[PDB]
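Coordinate inspection notes
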Amino acid sequence: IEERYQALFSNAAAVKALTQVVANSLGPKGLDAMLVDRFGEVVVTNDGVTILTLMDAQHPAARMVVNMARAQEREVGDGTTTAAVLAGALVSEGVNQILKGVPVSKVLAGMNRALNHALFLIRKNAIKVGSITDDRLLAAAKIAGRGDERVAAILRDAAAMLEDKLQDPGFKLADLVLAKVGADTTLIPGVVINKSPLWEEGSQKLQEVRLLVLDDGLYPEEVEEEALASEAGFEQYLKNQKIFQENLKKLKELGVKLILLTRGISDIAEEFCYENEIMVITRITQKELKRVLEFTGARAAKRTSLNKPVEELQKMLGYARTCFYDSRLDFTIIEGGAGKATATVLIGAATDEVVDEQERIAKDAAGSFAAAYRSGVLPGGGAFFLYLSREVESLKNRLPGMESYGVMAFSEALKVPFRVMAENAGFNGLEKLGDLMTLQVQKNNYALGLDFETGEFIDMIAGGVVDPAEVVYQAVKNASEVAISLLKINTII
Amino acid sequence: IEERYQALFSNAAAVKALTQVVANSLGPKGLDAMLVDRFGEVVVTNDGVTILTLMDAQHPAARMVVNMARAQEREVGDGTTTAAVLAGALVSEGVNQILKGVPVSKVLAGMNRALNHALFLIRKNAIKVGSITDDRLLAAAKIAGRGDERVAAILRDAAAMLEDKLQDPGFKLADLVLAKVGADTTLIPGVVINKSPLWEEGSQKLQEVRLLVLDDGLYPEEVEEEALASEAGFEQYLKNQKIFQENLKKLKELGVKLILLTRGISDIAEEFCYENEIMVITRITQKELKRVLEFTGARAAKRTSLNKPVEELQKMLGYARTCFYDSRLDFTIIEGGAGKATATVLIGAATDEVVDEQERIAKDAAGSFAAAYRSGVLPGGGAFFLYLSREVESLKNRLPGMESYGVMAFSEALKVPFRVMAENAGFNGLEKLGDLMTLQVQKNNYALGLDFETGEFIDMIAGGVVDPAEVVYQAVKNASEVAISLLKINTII
Amino acid sequence: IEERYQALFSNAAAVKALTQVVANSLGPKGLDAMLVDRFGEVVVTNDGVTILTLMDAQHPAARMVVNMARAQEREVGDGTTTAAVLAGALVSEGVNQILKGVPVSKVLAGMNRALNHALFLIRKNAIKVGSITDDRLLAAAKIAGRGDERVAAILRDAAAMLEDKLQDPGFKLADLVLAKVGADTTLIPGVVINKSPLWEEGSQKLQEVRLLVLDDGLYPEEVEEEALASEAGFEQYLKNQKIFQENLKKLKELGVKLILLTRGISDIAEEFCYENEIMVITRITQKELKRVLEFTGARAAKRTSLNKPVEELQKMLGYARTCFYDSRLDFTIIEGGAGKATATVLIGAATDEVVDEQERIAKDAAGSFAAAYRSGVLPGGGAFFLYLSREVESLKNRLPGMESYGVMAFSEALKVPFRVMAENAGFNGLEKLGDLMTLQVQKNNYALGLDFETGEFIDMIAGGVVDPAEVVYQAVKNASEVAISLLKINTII
Ligand SMILES: Nc1ncnc2c1ncn2[C@@H]1O[C@H](COP(=O)(O)OP(=O)(O)NP(=O)(O)O)[C@@H](O)[C@H]1O
Ligand SMILES: Nc1ncnc2c1ncn2[C@@H]1O[C@H](COP(=O)(O)OP(=O)(O)NP(=O)(O)O)[C@@H](O)[C@H]1O
Ligand SMILES: Nc1ncnc2c1ncn2[C@@H]1O[C@H](COP(=O)(O)OP(=O)(O)NP(=O)(O)O)[C@@H](O)[C@H]1O
Ligand SMILES: [Mg+2]
Ligand SMILES: [Mg+2]
Ligand SMILES: [Mg+2]
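In its metadata, the entry names X-ray crystallography as the structure determination method and reports 3.003 Å as the resolution.

As named in the PDB entry, chain A is Thermosome, alpha subunit, taken from Carboxydothermus hydrogenoformans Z-2901. Here the PDB entry's recorded title is "Crystal structure of group III chaperonin in the Closed state".

Below, the structure written as structure tokens:
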């Protein structure tokens, strides 16, 4: 039952230890981390929420910041490490002010006012985009993709085929990513079924594919096992074994050349498909189901649906221009669908470790693209944080009293992300920080930032280094929620 | 939770320990290794990915390298030991550069640049093949086959019968290999069922074989057990017990003399076959099924398929010129199929251990054959790597900065496989290295290498010592990818 | 029984771990280290040989480098950390060359030639001093004193009172240092007895002190306890109790006002001294004895010496102008002695920890002063090492063959001390290293070094930053002896 100041200590320390760890991954010069499970498994990543999640972090405070990261990821998908470092800074500063005797009440008030002002400036200064072709969107994607231009171009190009889906606040663009070992990273103008067909004789290409999709399995209508002791029961078994074979005949009459199922397939049916040139894939994902349904313009059927007359069934079929089973990667690719258009961002690499990290990078980039398209952009490099820092310090006195301390803490904490990245890039973090602030004021350009390889100060938006607006809004908001939440803590059980 | 430089050590150390072990297997003068199971089993091999797999690899880094090896094996099937050694070299070199104070970031940048240049040069210089007969294909097969010209001739001859199949990026030539103790290494122009027939009276030869093959078992159409309490149910048990017998008569009328099944056989049928001299094999592999299907031109049937008219059944039969059951080796050989032609590369030896290793060698040779046919060849003996080192060191200058160090590390690392193979062959590795590099430049022949037997420098391509191109590309790509990914690691949990 | 390469590893690693630790203490921006004994004791220091000595370092290699440091300290007293870092560099480089396949023989040869050339250049380029007043001597003292100018001035000033003693290769100037808690650091133109007198009535000052010094105790000539059973024995006891009291009377007649003893004092004598105004100090060090003997011009006596006639005794007395017992610090100070002149460099601080570290600094400075006075000076900052580095790399080919590698290693290792200090000063170590080397060649001034606070390149000798020549000679020589000694190692038991 730790209490008093030795609660606030026990907390703050617990957070520092956490943030220190991911601090090394923040930025373009950030380094990776290697994690192993309690009993032998291994991941390597630069992703923040990943690192923070996989260490089983035992202190409650640490677990809370981890949850904050999770939240940040859920909201936008990037800016996790930023949120962590920022949170840590906020907390440490808050503690510092509190130890010097500043009332918690006041620290929290100042921090809140600061927060609201900050978010205000962030929403206000967001520079919005009109296109999807705008180089600022692709730039956002590149920065989030950690410098991969190929991937950024791929995602822009896919989003282009969508856009409408971006209008729904529930469409995660990264859902389009699909990772496959031994693949080559590329854009597929169709959907992928990541499974081998029921019968394979090597790689295979299909053209003018009329397909039938089932959220069922291709079995006859069943008769409960008990009921088979009852003549009529059995006669029903026979009857709908007959109507079943008739239905398969319907399938051939309609010219079906592909069948996808979410369940299994009868032996009789399997034979029918083999003899009549029909390809089958079983056990498809629900996700896969939805996407192929949309793309091919097919309607989802159950076994009973095959009892429709043939004229009514042709209406449930879908169409794809081509369809290709890759014997080397063991999946199937449907392209040229008669329904909505869509894409699959295929991410390839040699080994599991690498394709995993590349998928994470991909999804980061996708989310940040979408986030940019939805919310506009801002100058990256952490500069806009510095703008926010002086603007927040502006508020130091607009309410006089001890809330000032609180405000200062917030301002000072906003200085930290940048400093870290500069330190990560081998520079004198503090020096570059100060210099850049002075310069920002003197040329009045709050978009001036640091080029981390060359070491020269540049114009960030000019340099193609932009962050999505919502990523910053969300990062600051979440980091703030957790830090303020922790600072109000006085006792532990 | 080890961090900082003392992560980079524990990683690097863990890797050297691994690579050292397989280094002695690299080359034509490389030596073998012996491995034992947790509870009594034994392997002997010169193969890299195998040794690396069977080892107790506990460290995360080592496990990552094993995984890389696995990837290299998946991709091309040869060149694993090379990839391991190269990877290790890259890592140690990188560590050294980082220790003299080069920023990790810069090292990795330089290495990436080097990598890309290397791959470019590798692809550019690939020497293409235009025939399945080219003496360079057989050369590749010989070298990968560790000097065995018998096997190489067999694979050339076998690959020849296909050609149509190699065109599929999913066709593993090595899938043709089959190992049998007490056999003699030979080319079989058919497919083998590695099983004894259901009824054997000693070795037996069949000619003019009309055969029927089933992805089922030869049983009557079943009736669920419960339903038998229901008159109609039983009456149909009877009815399609009669229909089964008449179907067998159909088999006799068609003159079927061989039956292959992936499931079992009813006793009634087994008697039918005994009395009408029809040979039967049960429980065949999926491989065996697909192969015999393609080769005999038969169509796969299920029990229900025997209900067609006799005239219709005659269409799914297949035909083989001859068919021979070997009582000594206890398998069956189908030759002269009316379908596509194919081959079985039979690999024989006295003991389990040896035929296992000879099989590994065979598959390696097949894979390098196919890969040569697909991607061309390059000068082996480790020479082309020296050319690439000489070429990569070039960039040190063409881009200024500290990336140079990184590039140097890459350059210096490509030097290692050769030096290892030379030391393994009992030469002064460093001397031969220097001499050979100097010479390579002076005669401008980027293909001069060391004959590890004679000790004289020869032209490797003229000397018939060639590596498949894709094997080199994949090896460099993979070793690089893993080393770079490990060097970016800064912390371990 | 570790053997082969895994001896050379086990060694090299063991050394790295050691050197890393003291590397942080090297330089003007070096930081301190805290050590605790197996059972609760504590030291804080920047001294190298101290840090290295106090960790109980378990690996044989580590223990050897520690011994090397000890040696360096014995020889000159400064340059310990330099020697350690240099040794480490030499070893790591040597290992690197050896792993690439360079014959140990050759590495060692190259390193030796390099060593001899280096020492040659060091002896050749030593810039000698003529004075003792030369600002280059005081500069040497300041640099060694870690920037304390007060102390440097003190030591120069004392050495001035000696100089003759410096002519003997056996006089350690640092022997003049005396550390006292609660004292004030100052030069005393006399000698100090660090003990309280036999009888104290508070602080006390004596003038015109005629003193008697005894390497004995003031007791009568003894009679063995057995002998006291023998009349004549006892009569001898009486007799030389009588002649003893007479001798004390001689002591008063001669006007003795102070007596120093290395042993004890009789009760009768103690009374005699109390009643006749005579101060006594008992149990003085041998060191203290020698110094006060020299300074006061007294001759050492034993009890029997008091049997001389008075006229002959006056000849054994010594004289001091003044003599002062400080009741606050509890020691005694003799000044204005009629013998040789001498000094006591009194080092004061508040606490044990601090006065200890300050004594270490003092002795460092004293030794480096003396070393400068005896052997001349060189440009510090590690620059002269860089001169030596290019000069050593000069030798790379003057013998062609693989010794070249060895030579290079030596050269490259000489680059390391500087780099470390630059890294310690928060700079980019590698960058500053390279820049400075280029500049050194371009302005041809091999005395150009780095100002570690300002960050600008300056002329070192001009900047007052000089090392004693012998400190460098010794550092390089010793570091080399141990590194070469370790590299010849192939097996461990
Ligand atoms: N080339 C660049 N120049 C300057 N800043 C950059 C550059 N690339 C990325 N950044 C900045 O790096 C930060 C993002 O680093 P990153 O490693 O993604 O942390 P994070 O995105 O906050 N957490 P996460 O991406 O989920 O791992 C942002 O502040 C970017 O502005
Ligand atoms: N006769 C030869 N002369 C010179 N080099 C040869 C000769 N035979 C093979 N090599 C080289 O030896 C290497 C093959 O060694 P090997 O032991 O197969 O390693 P690996 O093939 O890379 N790994 P793995 O085959 O999976 O066990 C290649 O670099 C060949 O170029
Ligand atoms: N102001 C300075 N500017 C430049 N170099 C300096 C300065 N002060 C000291 N040095 C260098 O610092 C080194 C000595 O550092 P130091 O910490 O004494 O290590 P060390 O003397 O080799 N071992 P030790 O002195 O026994 O602890 C020498 O190379 C000096 O040239
Ligand atoms: Mg990011
Ligand atoms: Mg091979
Ligand atoms: Mg010193």
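Moving on from the model shown.
1. A few points about the interface of chain A and chain B
A common way to express how large an interface is: the accessible area buried when the components associate. Between chain A and chain B, the contact holds 40 residues from the first and 49 residues from the second. For the side of chain A that touches chain B, the secondary structure elements donating two or more residues are β1 (32-36), β2 (42-45), α8 (232-253), α9 (267-275) and α12 (352-375) of chain A. With six residues, α9(A) is the single largest residue contributor to the side of chain A that touches chain B. Partitioned by chemical class, the residues of the side of chain A that touches chain B number 17 nonpolar, 10 polar and 13 charged. Pairing analysis gives three bridges linking β1(A) to strand β16 (residues 489-492) of chain B, with the strands arranged parallel. Residue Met34(A) lies in a different strand from β16(B), and its bridge partner there is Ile492(B).

2. With respect to the relation of the copies chain B and chain C
Rotating chain B by 180 degrees about the axis while translating it 0.3 Å along that axis superimposes it on chain C, leaving an RMSD of 0.3 Å. The transformation just described matches what one would write down for a two-fold rotation axis. Closest to the rotation axis within chain B is the C-alpha of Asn96(B), separated from it by 4.3 Å. When the interface residues of chain B are mapped onto chain C, 100% of them are again interface residues, pointing to one common binding face.

3. A word on the site of ligand 1
All names here are of chain A. In the vicinity of ligand 1 there are 22 residues, among which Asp78, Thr80, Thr82, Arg146 and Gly381 approach most closely. Within the backbone of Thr81, an N or O atom sits 2.9 Å from a nitrogen atom of ligand 1. One of the side-chain nitrogen or oxygen atoms of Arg146 is found 2.9 Å away from an oxygen atom of ligand 1. In isolation ligand 1 offers 620 Å² of accessible surface; the protein chains occlude 88% of this area. Among the elements that make up the shell around ligand 1, the one with the highest residue count is helix α4 (residues 80-99) (three residues).

4. Focus: the coordination of the magnesium ion (ligand 4)
Here the magnesium ion (ligand 4) is held by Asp78(A) (OD) and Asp78(A) (OD), and the distances to it run 2.2 to 2.6 Å. Along the chain, the position of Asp78(A) falls in the loop between α3 (60-75) and α4.

5. A look at the relation of the copies chain A and chain B
For the pair chain A and chain B, the relating rotation is 44 degrees, the translation along its axis is 0.1 Å, and the fit reaches an RMSD of 0.3 Å. The overlap is low: 8% of the interface residues of chain A also sit at the interface in chain B, so different surfaces are used on the two sides.

6. Considerations on the site of ligand 3
All names here are of chain C. Surrounding ligand 3, one finds 22 residues, the nearest of these being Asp78, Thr80, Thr82, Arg146 and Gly381. Separating an oxygen atom of ligand 3 from a backbone N or O atom of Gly48 is a distance of 3.4 Å. Each residue belonging to the shell around ligand 3 can be placed in one class, and the counts come to seven nonpolar, 10 polar and five charged. The residue makeup of the shell around ligand 3 includes at least three contributed by each of domain 1 (1-127 + 376-493) and domain 2 (128-188 + 341-375).

7. A short note on the UniProt feature "binding site: Mg(2+)" (unreviewed entry) in chain A
Residues given the UniProt feature "binding site: Mg(2+)" (unreviewed entry) here are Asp78(A). Not counting residues within four places of it along the chain, the set of residues in contact with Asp78(A) comprises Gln72(A), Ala144(A), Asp364(A), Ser368(A) and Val471(A).

8. Some points on the sheet that holds β16(B)
Taken together, three strands build an open sheet; the order of strands is β2(A)-β1(A)-β16(B) and the sheet is mixed. Only two strands of the sheet have a single neighbouring strand rather than two, namely β2 of chain A together with β16 of chain B. Each strand of the sheet is rotated relative to its neighbour by a mean of 25 degrees, with strand direction disregarded. Set on the sheet, helix α1 (residues 5-23) of chain B makes contact with β1 of chain A together with β16 of chain B; between it and β16(B) the angle comes to about 95 degrees. The strands touched by helix α3 (residues 60-75) of chain B are β1 and β2 of chain A together with β16 of chain B; relative to β1(A), the strand with the most contacts, the crossing angle is about 95 degrees.

9. What to know about the interface of chain B and chain C
At the interface, 12 residues of chain B touch 13 residues of chain C. Summing both sides of the interface, chain B and chain C together bury roughly 1,100 Å²; the carbon and sulfur share of this comes to 56%. Ranking the residues of chain B by area buried against chain C places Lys100(B), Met402(B) and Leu430(B) at the top, with a combined share of 41%. Counting every contact that joins chain B to chain C gives zero salt bridges. Across the contact surface, chain B and chain C share three residue pairs in polar contact. Secondary-structure elements contributing two or more residues to the side of chain B that touches chain C are α1, α4 (80-99) and α17 (429-442) of chain B. Within the side of chain B that touches chain C, the residues separate by chemical class into six nonpolar, two polar and four charged.

10. A word on the pattern of salt bridges
All names here are of chain A. With the rule as written, the count across this model stands at 61 salt bridges over all chains. Measuring nitrogen to oxygen at the nearest pair gives 3.5 Å for the salt bridge that ties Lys415 to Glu412. Across the pair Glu481 and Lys477 runs a salt bridge whose closest N-O atoms are separated by 3.8 Å. Of this pair, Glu481 and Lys477 both sit in helix α18 (residues 469-487), four residues apart, roughly one helical turn.

11. So, the packing of aromatic side chains
What the rule picks out here adds up to 21 aromatic pairs over all chains. By way of ring pairs, the aromatic residues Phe384(A), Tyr387(A) and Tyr446(A) are connected into one cluster. One residue, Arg123(A), lies across the ring of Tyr473(A), its end atom 3.5 Å from the ring centre. Over the ring of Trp199(A) we find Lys290(B); its NZ or CZ atom is 4.7 Å from the centre of that ring.

12. Some points on the UniProt feature "binding site: ADP" (unreviewed entry) in chain A
All names here are of chain A. Feature annotation in UniProt assigns "binding site: ADP" (unreviewed entry) to the following positions: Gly79, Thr80, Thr81, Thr82, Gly381, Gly382 and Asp467. Along the chain, the position of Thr80 falls in helix α4. If sequence neighbours within four positions are ignored, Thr80 has contacts with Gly48, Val49, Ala69, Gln72 and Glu73. Judged by relative accessible area, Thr81 falls into the buried class, the value being 8%. The residues touching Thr81, leaving out its near neighbours within four places in the chain, are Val22, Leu26, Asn46 and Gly48.

What counts, and at which threshold
Residues numbered from 1 in each chain as written, not as in the entry; some residues may be left out. Chains lettered and ligands numbered in written order. Part of a larger assembly, values for the part shown. Heavy atoms only, no water. Residues with missing side-chain atoms left out of burial classes, pairs and counts. Contact = heavy atoms within 4.5 Å. Helix = DSSP H or I, 4+ residues; strand = E, 2+ residues; numbered from the N terminus. Nonpolar A, V, L, I, M, F, W, Y, C, P; charged D, E, K, R; others polar. Pairing = 2+ DSSP bridges. Least-squares fit on C-alpha atoms. Near = heavy atom within 4 Å. Polar contact = N/O pair within 3.5 Å; in protein donor to acceptor, adjacent residues only side chain to side chain. Areas by Shrake-Rupley, 256 points an atom, 1.4 Å probe, with all protein chains shown as cover. Donors = N, O, S within 2.8 Å, 3.2 Å for Na, K, Ca; no water. Domains from an automatic or database assignment. UniProt positions renumbered as here; feature names shortened; annotations may be inferred. Axes fitted to C-alpha atoms, helices over the stretch in contact; angles between N-to-C directions. Buried area = accessible area lost by both parts, 1.4 Å probe. Salt bridge = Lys/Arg side-chain N within 4 Å of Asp/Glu carboxyl O. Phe/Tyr/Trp six-rings, centres within 6.5 Å; stacked < 30°, edge-to-face > 60°. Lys NZ or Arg CZ within 6 Å of the ring centre and 35° of its normal. Buried < 20%, exposed > 50% of the residue type's maximum accessible area, 1.4 Å probe, protein only.

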